[PDB]
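below: the sequence, then the experimentally determined structure.
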Amino acid sequence: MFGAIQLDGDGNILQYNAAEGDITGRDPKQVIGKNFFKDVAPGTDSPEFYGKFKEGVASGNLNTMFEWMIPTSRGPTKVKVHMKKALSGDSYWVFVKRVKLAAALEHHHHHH
């Protein structure tokens, strides 16, 4: 379940846009209106993840980027989760992707 979801101050899924996908045979309304921690991700109901989402809101710039383990068809798996407050300053975008060594800003390779 990797995609870009848009949450509000309360954390309600206002819009859902799957990513790294081509087929659109998944009822989006299933998440529309529901909370990311409500059912979309019950295991993410922790202070490290959820807590940060609410904490950042108080400041008005929820900026968090880290990896989290979520349940899947083949069991629990790690994924890159990033939460950033929208530009309007009245919402937050959630980015959940697969962890495949995508992050890496080295300075130089094959050093001698």
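Received it, and whenever you're ready, just let me know what you need. Numbering: from 1, shown residues only.

for the rest of this, base every contact and every neighbour count on C-alpha atoms.
OK.

just the element for residue 16, please.
Element membership for residue 16, per DSSP states H and E: strand 13-18.

in the next helix or strand along the chain from that strand, what counts as buried?
Next helix or strand after strand 13-18 toward the C-terminus (DSSP H and E): helix 50-59. Buried residues in helix 50-59, counted by 16 or more other CA atoms under 10 Å: 53, 54, 56, 57.

export those residues as JSON lines, with columns for distance to residue 110.
As requested, the buried residues of helix 50-59 are exported to JSON lines (distance: CA to CA, whole Å):
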{"residue": "53", "distance to residue 110": "40"}
{"residue": "54", "distance to residue 110": "43"}
{"residue": "56", "distance to residue 110": "40"}
{"residue": "57", "distance to residue 110": "43"}
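
on that earlier part again, for the strand holding residue 16, packing partners?
strand 3-7 (3 or more CA pairs under 8 Å, 6 or more residues apart in numbering; DSSP states H and E).

adjacent strands (with direction) for the strand or helix carrying residue 96?
Taking DSSP H and E as the definition, residue 96 sits inside strand 92-98. Strand pairing for strand 92-98, using DSSP bridges, gives strand 3-7 (antiparallel), strand 75-85 (antiparallel).

of these, which is nearest residue 98?
strand 75-85 (4.6 Å; CA to CA).

and the closest one, what's buried?
So for strand 75-85, counting by 16+ other CA under 10 Å, buried means 79, 80, 81, 82, 83, 84, 85.

list just the nearest of the residues you listed to residue 9.
residue 85 (9.7 Å).

so who does that closest one touch?
60, 61, 62, 63, 91, 92, 93 (CA atoms under 8 Å, 6 or more residues apart in numbering).

nearest to residue 46, of these?
For these, the nearest to residue 46 is residue 62 (15.9 Å; CA to CA).

that closest one and residue 49 touch, don't they?
No. At 11.3 Å, residue 62 and residue 49 do not qualify as touching, with contact defined as CA atoms under 8 Å.
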